[PDB]
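This document starts with one chain, in the form deposited in one PDB entry, laid out as structure tokens.
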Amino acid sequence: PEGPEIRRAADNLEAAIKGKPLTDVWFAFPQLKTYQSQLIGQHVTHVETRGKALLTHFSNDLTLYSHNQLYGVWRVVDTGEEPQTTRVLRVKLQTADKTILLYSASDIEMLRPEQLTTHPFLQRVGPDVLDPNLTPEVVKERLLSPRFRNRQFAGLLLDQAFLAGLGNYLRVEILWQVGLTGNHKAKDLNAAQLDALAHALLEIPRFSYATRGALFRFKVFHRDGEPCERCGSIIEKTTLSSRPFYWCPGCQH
């Protein structure tokens, strides 16, 4: 689950419980139990996302930080319901009609307002690809900036200090869209390619967010052994940056 999927989840958490008084609050972790009574009768004011970090803001200036990594997932249920699952329950935020449940995530903590800028992940993250205020022109500047112009794309497009919310499927899909392998740096692109990359870094995540739940589809991710829809070569699966990697040898260079 990458930025698009986390923002879709956050939207569903807001539809379920934004603004509604909490009738019960439960945390599995011993260090979070102290906040249960403190949050009963408060409400979620909004669910913010910064890339894959999810920030559940409450009406008393606390914010729950959660990060699902590769395995966490939120579920929305009617209050009192809890469908059988083998997953470990980590957070329950309950209101009169709907409850939200966080399963499996291990990175969960309660933040005071000052920590929204000093928490180690929140301090390092770059601009979010789903932020409508972030433009292709600003992404082009970021690519060409001294800080990032010499970085290889293979790792750059996984690094949340560059653009928050990109993960491996988005890396693979963006590089195929612009015809590039991961072994390039922004300093070496021509202006047309840089512009194409800047646009794709925003437009593919935004299209996935809008339509994965003309609709988003994978062009190469998990399509090894299939013909590329652009040039017909057979898509390959390898590893890149210690993660799987999908690409087309006929049209990515």
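Residues carry their position along the shown sequence, with the first being 1.
Keep in mind the form deposited in another entry is missing from the figure; the text below concerns it.
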**OP:** Considering the rigid-body rotation between the shown form and the other one, state which of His222, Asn60, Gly179, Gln123 is located at the hinge.
**Re:** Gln123
**OP:** Over in the other structure, so in the other entry, do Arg75 and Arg171 pull closer or drift farther apart at the C-alpha level? The difference is 3 angstroms or more.
**Re:** farther
Original post:
How does the CA gap of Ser208 and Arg50 change in the other entry versus this form, closer or farther, if it moves 3 angstroms or more?
Top reply: farther
